[PDB]
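Student: Take a look at start.txt, compact mmCIF, N, CA, C and O atoms:
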# COMPACT_ATOMS: atom_id res chain seq x y z
N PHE N 167 126.10 107.88 81.33
CA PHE N 167 127.23 107.02 81.01
C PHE N 167 127.04 105.70 81.74
O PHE N 167 126.84 105.69 82.96
N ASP N 168 127.11 104.60 81.01
CA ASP N 168 127.01 103.29 81.63
C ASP N 168 127.93 102.30 80.93
O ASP N 168 127.94 102.21 79.70
N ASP N 169 128.69 101.56 81.73
CA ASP N 169 129.65 100.58 81.24
C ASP N 169 129.44 99.27 81.99
O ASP N 169 129.13 99.27 83.18
N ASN N 170 129.61 98.16 81.28
CA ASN N 170 129.50 96.84 81.89
C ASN N 170 130.58 95.92 81.33
O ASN N 170 130.90 95.98 80.14
N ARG N 171 131.15 95.10 82.21
CA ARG N 171 132.21 94.17 81.85
C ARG N 171 131.83 92.78 82.31
O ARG N 171 131.56 92.56 83.49
N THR N 172 131.79 91.83 81.37
CA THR N 172 131.40 90.46 81.66
C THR N 172 132.48 89.50 81.17
O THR N 172 133.05 89.69 80.09
N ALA N 173 132.74 88.47 81.96
CA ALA N 173 133.71 87.45 81.60
C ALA N 173 133.35 86.16 82.32
O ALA N 173 132.87 86.18 83.45
N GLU N 174 133.59 85.03 81.65
CA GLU N 174 133.31 83.72 82.21
C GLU N 174 134.53 82.82 82.05
O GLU N 174 135.32 82.99 81.12
N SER N 175 134.67 81.88 82.97
CA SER N 175 135.80 80.96 82.98
C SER N 175 135.31 79.54 83.23
O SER N 175 134.26 79.33 83.83
N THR N 176 136.10 78.57 82.77
CA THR N 176 135.75 77.17 82.93
C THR N 176 136.70 76.48 83.91
O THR N 176 137.13 77.07 84.89
N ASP N 195 139.04 84.04 77.87
CA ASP N 195 137.93 83.09 77.84
C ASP N 195 136.59 83.80 77.62
O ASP N 195 135.82 83.99 78.55
N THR N 196 136.34 84.18 76.36
CA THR N 196 135.10 84.83 75.95
C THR N 196 134.81 86.07 76.79
O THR N 196 133.70 86.25 77.30
N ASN N 197 135.81 86.94 76.93
CA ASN N 197 135.59 88.22 77.59
C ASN N 197 134.71 89.11 76.71
O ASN N 197 134.87 89.16 75.49
N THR N 198 133.78 89.81 77.35
CA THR N 198 132.86 90.70 76.65
C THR N 198 132.89 92.07 77.31
O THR N 198 132.75 92.19 78.52
N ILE N 199 133.07 93.10 76.49
CA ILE N 199 133.09 94.49 76.94
C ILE N 199 132.12 95.28 76.07
O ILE N 199 132.06 95.08 74.86
N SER N 200 131.36 96.17 76.70
CA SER N 200 130.35 96.95 76.01
C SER N 200 130.40 98.40 76.45
O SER N 200 130.83 98.72 77.57
N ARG N 201 129.94 99.28 75.57
CA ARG N 201 129.84 100.71 75.84
C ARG N 201 128.65 101.26 75.07
O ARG N 201 128.31 100.75 73.99
N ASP N 202 128.00 102.28 75.63
CA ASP N 202 126.87 102.93 74.99
C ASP N 202 126.75 104.36 75.50
O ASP N 202 127.05 104.63 76.67
N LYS N 203 126.31 105.26 74.63
CA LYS N 203 126.19 106.68 74.92
C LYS N 203 124.72 107.07 74.85
O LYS N 203 124.08 106.86 73.81
N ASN N 204 124.19 107.63 75.93
CA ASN N 204 122.82 108.12 75.94
C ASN N 204 122.85 109.59 76.33
O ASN N 204 123.14 109.93 77.48
N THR N 205 122.54 110.46 75.37
CA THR N 205 122.39 111.89 75.62
C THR N 205 121.14 112.37 74.91
O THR N 205 120.90 112.00 73.76
N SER N 206 120.35 113.19 75.59
CA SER N 206 119.12 113.71 75.00
C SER N 206 118.75 115.02 75.69
O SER N 206 118.99 115.19 76.89
N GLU N 207 118.18 115.93 74.92
CA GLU N 207 117.68 117.19 75.46
C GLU N 207 116.28 117.45 74.91
O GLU N 207 115.97 117.07 73.78
N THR N 208 115.44 118.07 75.73
CA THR N 208 114.09 118.45 75.34
C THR N 208 113.83 119.89 75.75
O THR N 208 114.17 120.30 76.86
N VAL N 209 113.24 120.66 74.84
CA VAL N 209 112.81 122.02 75.11
C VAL N 209 111.35 122.15 74.71
O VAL N 209 110.92 121.54 73.73
N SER N 210 110.59 122.92 75.48
CA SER N 210 109.17 123.10 75.21
C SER N 210 108.73 124.47 75.69
O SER N 210 109.07 124.88 76.80
N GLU N 211 107.98 125.17 74.85
CA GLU N 211 107.42 126.47 75.17
C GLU N 211 105.90 126.39 75.07
O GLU N 211 105.37 126.04 74.02
N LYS N 212 105.22 126.72 76.16
CA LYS N 212 103.77 126.67 76.22
C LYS N 212 103.23 128.03 76.63
O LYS N 212 103.70 128.62 77.61
N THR N 213 102.25 128.52 75.87
CA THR N 213 101.60 129.79 76.14
C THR N 213 100.10 129.57 76.21
O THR N 213 99.57 128.67 75.56
N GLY N 214 99.42 130.40 76.99
CA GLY N 214 97.99 130.26 77.17
C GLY N 214 97.32 131.62 77.26
O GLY N 214 97.97 132.66 77.37
N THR N 215 95.99 131.58 77.20
CA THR N 215 95.17 132.78 77.26
C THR N 215 93.77 132.40 77.69
O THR N 215 93.13 131.56 77.05
N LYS N 216 93.29 133.01 78.78
CA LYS N 216 91.97 132.72 79.30
C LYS N 216 91.22 134.02 79.54
O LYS N 216 91.77 134.96 80.12
N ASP N 217 89.98 134.08 79.08
CA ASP N 217 89.11 135.22 79.27
C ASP N 217 87.80 134.77 79.89
O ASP N 217 87.37 133.62 79.70
N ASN N 218 87.15 135.66 80.63
CA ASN N 218 85.86 135.36 81.22
C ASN N 218 85.12 136.65 81.52
O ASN N 218 85.72 137.64 81.93
N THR N 219 83.81 136.62 81.31
CA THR N 219 82.93 137.75 81.60
C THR N 219 81.84 137.27 82.54
O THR N 219 81.37 136.14 82.42
N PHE N 220 81.44 138.13 83.47
CA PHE N 220 80.42 137.80 84.46
C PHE N 220 79.39 138.92 84.47
O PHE N 220 79.75 140.09 84.29
N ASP N 221 78.13 138.56 84.67
CA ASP N 221 77.04 139.54 84.68
C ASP N 221 75.98 139.06 85.65
O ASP N 221 75.34 138.04 85.42
N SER N 222 75.79 139.81 86.73
CA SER N 222 74.83 139.46 87.77
C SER N 222 73.86 140.61 87.96
O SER N 222 74.28 141.77 88.10
N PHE Q 167 121.48 112.03 71.48
CA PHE Q 167 122.67 111.40 70.93
C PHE Q 167 123.18 110.39 71.94
O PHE Q 167 123.33 110.71 73.12
N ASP Q 168 123.43 109.17 71.48
CA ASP Q 168 124.03 108.15 72.33
C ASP Q 168 124.86 107.21 71.47
O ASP Q 168 124.38 106.70 70.46
N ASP Q 169 126.11 106.99 71.88
CA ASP Q 169 127.06 106.18 71.14
C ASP Q 169 127.39 104.93 71.95
O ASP Q 169 127.54 105.00 73.17
N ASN Q 170 127.51 103.80 71.26
CA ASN Q 170 127.83 102.53 71.90
C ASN Q 170 129.02 101.90 71.19
O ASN Q 170 128.98 101.70 69.97
N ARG Q 171 130.06 101.58 71.96
CA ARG Q 171 131.24 100.89 71.45
C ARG Q 171 131.51 99.70 72.34
O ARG Q 171 131.43 99.81 73.57
N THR Q 172 131.83 98.55 71.73
CA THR Q 172 132.05 97.33 72.49
C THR Q 172 133.04 96.43 71.75
O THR Q 172 133.22 96.55 70.54
N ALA Q 173 133.67 95.53 72.50
CA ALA Q 173 134.60 94.56 71.94
C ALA Q 173 134.76 93.41 72.92
O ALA Q 173 134.43 93.53 74.11
N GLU Q 174 135.27 92.29 72.42
CA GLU Q 174 135.49 91.11 73.23
C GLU Q 174 136.84 90.50 72.89
O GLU Q 174 137.39 90.72 71.80
N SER Q 175 137.38 89.72 73.83
CA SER Q 175 138.66 89.07 73.67
C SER Q 175 138.55 87.61 74.10
O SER Q 175 137.51 87.16 74.58
N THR Q 176 139.64 86.88 73.92
CA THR Q 176 139.69 85.47 74.29
C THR Q 176 141.07 85.08 74.81
O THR Q 176 141.41 85.36 75.96
N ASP Q 195 138.36 89.80 68.14
CA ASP Q 195 138.03 91.12 68.67
C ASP Q 195 136.55 91.44 68.46
O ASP Q 195 135.82 91.62 69.43
N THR Q 196 136.13 91.50 67.20
CA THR Q 196 134.74 91.77 66.83
C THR Q 196 134.23 93.06 67.46
O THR Q 196 133.19 93.09 68.12
N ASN Q 197 134.98 94.14 67.26
CA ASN Q 197 134.56 95.45 67.74
C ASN Q 197 133.31 95.88 66.98
O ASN Q 197 133.18 95.63 65.78
N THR Q 198 132.40 96.54 67.69
CA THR Q 198 131.14 97.00 67.11
C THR Q 198 130.91 98.45 67.49
O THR Q 198 131.03 98.82 68.66
N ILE Q 199 130.57 99.27 66.50
CA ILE Q 199 130.23 100.67 66.71
C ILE Q 199 128.81 100.91 66.22
O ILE Q 199 128.46 100.51 65.10
N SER Q 200 127.99 101.53 67.06
CA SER Q 200 126.62 101.87 66.72
C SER Q 200 126.24 103.16 67.42
O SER Q 200 126.28 103.23 68.66
N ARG Q 201 125.89 104.17 66.64
CA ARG Q 201 125.48 105.47 67.16
C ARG Q 201 124.09 105.79 66.64
O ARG Q 201 123.75 105.43 65.51
N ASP Q 202 123.29 106.45 67.47
CA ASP Q 202 121.88 106.69 67.19
C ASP Q 202 121.58 108.18 67.21
O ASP Q 202 122.22 108.96 67.92
N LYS Q 203 120.59 108.58 66.41
CA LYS Q 203 120.06 109.93 66.38
C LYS Q 203 118.55 109.84 66.41
O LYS Q 203 117.96 109.07 65.66
N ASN Q 204 117.92 110.62 67.29
CA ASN Q 204 116.47 110.63 67.39
C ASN Q 204 116.04 112.07 67.65
O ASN Q 204 116.61 112.75 68.51
N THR Q 205 115.03 112.52 66.92
CA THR Q 205 114.49 113.86 67.06
C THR Q 205 112.97 113.79 67.05
O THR Q 205 112.39 113.00 66.31
N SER Q 206 112.34 114.62 67.88
CA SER Q 206 110.89 114.65 67.98
C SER Q 206 110.43 116.09 68.10
O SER Q 206 111.18 116.97 68.52
N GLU Q 207 109.17 116.33 67.71
CA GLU Q 207 108.57 117.65 67.83
C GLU Q 207 107.06 117.49 67.82
O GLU Q 207 106.50 116.99 66.85
N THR Q 208 106.42 117.91 68.91
CA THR Q 208 104.97 117.83 69.05
C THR Q 208 104.41 119.24 69.22
O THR Q 208 104.92 120.01 70.04
N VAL Q 209 103.38 119.56 68.46
CA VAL Q 209 102.71 120.85 68.52
C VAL Q 209 101.27 120.62 68.94
O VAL Q 209 100.56 119.83 68.30
N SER Q 210 100.83 121.30 69.99
CA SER Q 210 99.51 121.09 70.55
C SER Q 210 98.71 122.38 70.50
O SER Q 210 99.26 123.48 70.67
N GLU Q 211 97.41 122.24 70.26
CA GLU Q 211 96.47 123.35 70.22
C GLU Q 211 95.37 123.11 71.23
O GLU Q 211 94.71 122.06 71.19
N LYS Q 212 95.17 124.06 72.13
CA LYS Q 212 94.14 123.99 73.15
C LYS Q 212 93.07 125.01 72.81
O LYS Q 212 93.39 126.15 72.45
N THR Q 213 91.81 124.62 72.92
CA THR Q 213 90.71 125.55 72.69
C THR Q 213 89.52 125.09 73.51
O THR Q 213 89.24 123.89 73.58
N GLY Q 214 88.83 126.04 74.13
CA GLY Q 214 87.70 125.71 74.97
C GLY Q 214 86.72 126.86 75.08
O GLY Q 214 87.01 127.99 74.69
N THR Q 215 85.55 126.54 75.62
CA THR Q 215 84.51 127.51 75.87
C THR Q 215 83.59 126.95 76.95
O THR Q 215 83.15 125.80 76.86
N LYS Q 216 83.32 127.76 77.97
CA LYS Q 216 82.46 127.34 79.06
C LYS Q 216 81.49 128.45 79.40
O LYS Q 216 81.92 129.56 79.73
N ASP Q 217 80.20 128.16 79.32
CA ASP Q 217 79.15 129.11 79.65
C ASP Q 217 78.30 128.55 80.78
O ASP Q 217 78.11 127.33 80.88
N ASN Q 218 77.81 129.43 81.63
CA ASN Q 218 76.93 129.01 82.71
C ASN Q 218 75.99 130.14 83.09
O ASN Q 218 76.31 131.32 82.90
N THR Q 219 74.83 129.77 83.60
CA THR Q 219 73.83 130.71 84.09
C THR Q 219 73.36 130.27 85.46
O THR Q 219 73.35 129.07 85.77
N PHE Q 220 72.96 131.23 86.28
CA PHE Q 220 72.47 130.97 87.62
C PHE Q 220 71.19 131.76 87.85
O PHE Q 220 71.03 132.86 87.32
N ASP Q 221 70.29 131.19 88.65
CA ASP Q 221 69.01 131.82 88.94
C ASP Q 221 68.57 131.40 90.33
O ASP Q 221 68.62 130.21 90.66
N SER Q 222 68.13 132.36 91.13
CA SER Q 222 67.73 132.08 92.51
C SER Q 222 66.55 132.95 92.88
O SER Q 222 66.53 134.14 92.56
Starting from the file, give its structure as structure tokens.
Tutor:
Amino acid sequence: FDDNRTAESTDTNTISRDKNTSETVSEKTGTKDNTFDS
Amino acid sequence: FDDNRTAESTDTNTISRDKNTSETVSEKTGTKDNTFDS
């Protein structure tokens, strides 16, 4: 959540709002095999 | 999801909402062989 309020005087008041929401999901699987012979 | 609402006075209200979706699929594959002699 972020809000900003700007105003100037010598009267052109400016107000802004914005919504940032995000989610990420990730599933990682692996498999490693090895054989040795001495 | 993120929504932005803003207005100014002295109205010109502005509404802008965004949607973004991503999906990355990765494939890993490898092979490593080695020999030793002494």
Student: Dump as CSV the rows for residues of chain Q within 7 Å of region 171-208 of chain N: closest atom pair and distance in Å with one decimal, all atoms listed in the file counted, ordered by chain and rising residue number.
Tutor:
residue,atom,partner,partner_atom,distance
Q:167,N,N:205,O,2.4
Q:168,CA,N:203,O,2.0
Q:169,O,N:203,N,1.9
Q:170,CA,N:201,O,2.8
Q:171,O,N:201,N,2.5
Q:172,CA,N:199,O,3.3
Q:173,O,N:199,N,2.8
Q:174,CA,N:197,O,3.0
Q:175,O,N:197,N,2.9
Q:176,O,N:195,N,3.3
Q:195,O,N:197,O,6.6
Q:198,O,N:201,O,6.3
Q:200,O,N:201,O,6.2
Q:201,CA,N:203,O,6.9
Q:202,N,N:203,O,6.4
Q:204,O,N:205,O,6.8
Student: Report, in Å with one decimal, the straight-line distance from CA of residue 222 (chain Q) to CA of residue 217 (chain N).
Tutor: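 Going from CA of residue 222 (chain Q) over to CA of residue 217 (chain N), I get 25.3 Å.
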Student: One decimal, Å: what's the distance from CA of residue 210 (chain N) over to atom C of residue 214 (chain Q), could you say?
Tutor: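 Atom-to-atom, CA of residue 210 (chain N) and atom C of residue 214 (chain Q) are spaced 22.8 Å apart.
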Student: Would you superpose chain N on chain Q, least squares on all C-alpha atoms in order, and hand back the fitted chain as a compact mmCIF listing (two decimals) with N, CA, C and O atoms, keeping the file's coordinate frame?
Tutor:
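Wrote it out as selection-v3.txt, contents follow:
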# COMPACT_ATOMS: atom_id res chain seq x y z
N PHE N 167 121.30 112.34 71.62
CA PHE N 167 122.47 111.71 71.03
C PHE N 167 122.94 110.62 71.97
O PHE N 167 123.17 110.88 73.16
N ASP N 168 123.11 109.41 71.45
CA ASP N 168 123.62 108.32 72.26
C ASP N 168 124.52 107.42 71.42
O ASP N 168 124.15 107.02 70.31
N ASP N 169 125.69 107.11 71.97
CA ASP N 169 126.69 106.28 71.30
C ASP N 169 127.15 105.20 72.27
O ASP N 169 127.26 105.43 73.47
N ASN N 170 127.41 104.01 71.74
CA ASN N 170 127.92 102.90 72.54
C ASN N 170 128.98 102.14 71.76
O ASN N 170 128.86 101.96 70.54
N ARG N 171 130.03 101.73 72.46
CA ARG N 171 131.15 101.01 71.87
C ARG N 171 131.39 99.73 72.65
O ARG N 171 131.60 99.77 73.86
N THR N 172 131.33 98.59 71.96
CA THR N 172 131.50 97.29 72.59
C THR N 172 132.60 96.51 71.88
O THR N 172 132.70 96.54 70.65
N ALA N 173 133.41 95.81 72.66
CA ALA N 173 134.47 94.98 72.11
C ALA N 173 134.78 93.87 73.11
O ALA N 173 134.72 94.07 74.32
N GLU N 174 135.13 92.69 72.58
CA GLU N 174 135.46 91.54 73.41
C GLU N 174 136.78 90.94 72.93
O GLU N 174 137.12 91.03 71.75
N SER N 175 137.49 90.32 73.86
CA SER N 175 138.79 89.72 73.57
C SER N 175 138.87 88.34 74.21
O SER N 175 138.19 88.06 75.20
N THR N 176 139.72 87.49 73.64
CA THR N 176 139.89 86.14 74.14
C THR N 176 141.28 85.96 74.77
O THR N 176 141.80 86.87 75.40
N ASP N 195 139.06 92.03 67.19
CA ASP N 195 138.35 90.87 67.74
C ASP N 195 136.86 91.18 67.95
O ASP N 195 136.42 91.42 69.07
N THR N 196 136.11 91.15 66.84
CA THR N 196 134.67 91.37 66.85
C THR N 196 134.30 92.69 67.53
O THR N 196 133.42 92.73 68.40
N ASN N 197 134.97 93.77 67.14
CA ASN N 197 134.60 95.09 67.62
C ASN N 197 133.25 95.50 67.02
O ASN N 197 132.98 95.26 65.84
N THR N 198 132.41 96.11 67.86
CA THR N 198 131.09 96.55 67.44
C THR N 198 130.91 98.01 67.81
O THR N 198 131.15 98.41 68.95
N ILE N 199 130.49 98.81 66.83
CA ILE N 199 130.22 100.24 67.02
C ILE N 199 128.83 100.53 66.48
O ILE N 199 128.44 100.02 65.44
N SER N 200 128.08 101.36 67.21
CA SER N 200 126.71 101.68 66.85
C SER N 200 126.46 103.16 67.00
O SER N 200 127.11 103.85 67.80
N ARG N 201 125.49 103.66 66.24
CA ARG N 201 125.05 105.05 66.30
C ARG N 201 123.56 105.09 65.98
O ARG N 201 123.06 104.26 65.21
N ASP N 202 122.85 106.05 66.58
CA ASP N 202 121.43 106.23 66.34
C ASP N 202 121.05 107.68 66.62
O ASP N 202 121.62 108.30 67.53
N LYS N 203 120.10 108.20 65.86
CA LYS N 203 119.65 109.58 65.95
C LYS N 203 118.19 109.59 66.39
O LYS N 203 117.34 108.98 65.73
N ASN N 204 117.90 110.27 67.49
CA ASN N 204 116.53 110.42 67.96
C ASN N 204 116.23 111.91 68.07
O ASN N 204 116.76 112.59 68.95
N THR N 205 115.37 112.41 67.18
CA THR N 205 114.88 113.78 67.24
C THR N 205 113.38 113.76 67.01
O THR N 205 112.90 113.06 66.11
N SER N 206 112.65 114.53 67.80
CA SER N 206 111.19 114.58 67.66
C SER N 206 110.69 115.91 68.23
O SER N 206 111.24 116.43 69.20
N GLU N 207 109.65 116.43 67.61
CA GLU N 207 108.99 117.64 68.09
C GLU N 207 107.48 117.42 68.10
O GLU N 207 106.95 116.70 67.25
N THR N 208 106.81 118.02 69.07
CA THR N 208 105.35 117.97 69.18
C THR N 208 104.81 119.37 69.43
O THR N 208 105.36 120.12 70.24
N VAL N 209 103.75 119.72 68.71
CA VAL N 209 103.04 120.97 68.91
C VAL N 209 101.56 120.65 69.09
O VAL N 209 101.04 119.73 68.46
N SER N 210 100.90 121.40 69.96
CA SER N 210 99.49 121.18 70.24
C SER N 210 98.83 122.49 70.63
O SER N 210 99.37 123.24 71.44
N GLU N 211 97.67 122.76 70.05
CA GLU N 211 96.87 123.93 70.35
C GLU N 211 95.51 123.48 70.87
O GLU N 211 94.80 122.76 70.17
N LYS N 212 95.16 123.92 72.07
CA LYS N 212 93.90 123.56 72.69
C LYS N 212 93.13 124.82 73.06
O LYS N 212 93.69 125.73 73.68
N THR N 213 91.85 124.86 72.67
CA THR N 213 90.97 125.97 72.97
C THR N 213 89.72 125.44 73.65
O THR N 213 89.31 124.31 73.41
N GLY N 214 89.12 126.26 74.49
CA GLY N 214 87.94 125.85 75.23
C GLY N 214 86.95 127.00 75.36
O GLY N 214 87.25 128.15 75.05
N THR N 215 85.76 126.64 75.83
CA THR N 215 84.68 127.60 76.01
C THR N 215 83.68 127.03 77.01
O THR N 215 83.16 125.93 76.80
N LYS N 216 83.42 127.78 78.09
CA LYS N 216 82.51 127.34 79.12
C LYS N 216 81.51 128.45 79.42
O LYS N 216 81.91 129.61 79.59
N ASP N 217 80.24 128.11 79.47
CA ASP N 217 79.17 129.03 79.81
C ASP N 217 78.34 128.47 80.95
O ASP N 217 78.25 127.24 81.12
N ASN N 218 77.73 129.34 81.73
CA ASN N 218 76.87 128.92 82.82
C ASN N 218 75.91 130.04 83.17
O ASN N 218 76.27 131.21 83.16
N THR N 219 74.68 129.66 83.49
CA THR N 219 73.64 130.59 83.92
C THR N 219 73.12 130.14 85.27
O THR N 219 73.01 128.94 85.52
N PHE N 220 72.80 131.09 86.14
CA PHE N 220 72.32 130.81 87.49
C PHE N 220 71.06 131.63 87.72
O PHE N 220 70.96 132.76 87.23
N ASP N 221 70.11 131.05 88.44
CA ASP N 221 68.84 131.73 88.72
C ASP N 221 68.36 131.29 90.09
O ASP N 221 68.02 130.12 90.29
N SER N 222 68.31 132.23 91.03
CA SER N 222 67.90 131.95 92.40
C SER N 222 66.74 132.85 92.77
O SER N 222 66.81 134.08 92.55
Student: Output, as JSON, the centre and edge lengths in Å (one decimal) of the axis-aligned box that contains all listed atoms of region 209-217 of chain Q with 5 Å of margin on each side.
Tutor:
{"center_x": 90.7, "center_y": 124.6, "center_z": 74.6, "size_x": 35.3, "size_y": 20.0, "size_z": 22.6}
Student: One decimal, Å: what's the distance from atom N of residue 218 (chain Q) over to CA of residue 212 (chain N), could you say?
Tutor: 26.7 Å
Student: Please give the complete set of residues from chain Q that DSSP, run on the backbone, assigns to strand (DSSP E), formatted as a list in words.
Tutor: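 Selecting the strand (DSSP E) positions of chain Q gives residues 168, 169, 170, 171, 172, 173, 174, 175, 198, 199, 200, 201 and 202 of chain Q.
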